[PDB]
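Starting off, we have a lone chain in the form deposited without this ligand, written out as structure tokens.
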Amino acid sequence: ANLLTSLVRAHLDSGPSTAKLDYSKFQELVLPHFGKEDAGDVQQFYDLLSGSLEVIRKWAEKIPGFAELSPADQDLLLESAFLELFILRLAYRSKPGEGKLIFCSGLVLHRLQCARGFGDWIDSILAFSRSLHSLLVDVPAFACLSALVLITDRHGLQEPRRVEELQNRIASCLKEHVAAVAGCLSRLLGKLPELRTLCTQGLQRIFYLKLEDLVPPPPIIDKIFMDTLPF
């Protein structure tokens, strides 16, 4: 289909091919002091977050109908879904059988290289990679599901009906694609609790790093952090 083709184009252009996988910082072993971190670790944590948000903004821009939402509805959807999309995309593209995290830049980093910046959270994101990989979700389904994570009801949308209409079109597009392959949706929804838990772990880690204030969080991440806290 034309919506599916567009969703798949956007997904594939928002990450790296096997070709431009960047091993310039990958180390199979490092010997970290666990349960602590330095300014360098925290800056990279924040840079990987910033890089993913930049890339998720350009992917959302290429979903048909999204660019025509009000600027504020675009922002609200992007902030509300950022953390959930960062985890879901990082989980889908990573190699947990080799302890490999693959960020959207093409940067590859060992579990142990992420431990200082991310803490426990990255162990859990790798656990979810295995969980996700076991469901054998093809690229076109994932391309739809990531968009359904973004284009969803949120408190404070100016045009909630336009967002629901676009939700309808994308849900319909996915149904068509699982019909075309049939000639797993109950099971996928089974994972939504681990994923909500991983979003909470993310907020826990930003809170901790803000408490420690080795380096301040980037303005745009700090706003997502603050705007997400129901209090």
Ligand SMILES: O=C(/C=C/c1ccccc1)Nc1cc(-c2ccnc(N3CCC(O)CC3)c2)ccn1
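The numbering used is simple: start at 1 and walk along the sequence shown.
Keep in mind that the form solved in complex with this ligand is missing from the display, and what follows is about it.
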Note to self: Just checking whether residue 17 would be counted as a contact of this ligand in the deposited bound form - the rule being heavy atoms within 4.5 angstroms.
What the structure shows: yes
Margin query: Test of understanding: in the deposited bound form, would residue 137 fall inside 4.5 Å of this ligand by heavy atoms?
Written below: yes
Check: With a 4.5 Å heavy atom cut-off, would you call residue 109 a contact of this ligand in the deposited bound form?
Finding: no
Check: Does any heavy atom of residue 132 come within 4.5 Å of a heavy atom of this ligand in the deposited bound form?
Finding: yes
Check: What are the residues of 75-90, in order along the chain, with a heavy atom within 4.5 Å of this ligand in the deposited bound form?
Finding: 89
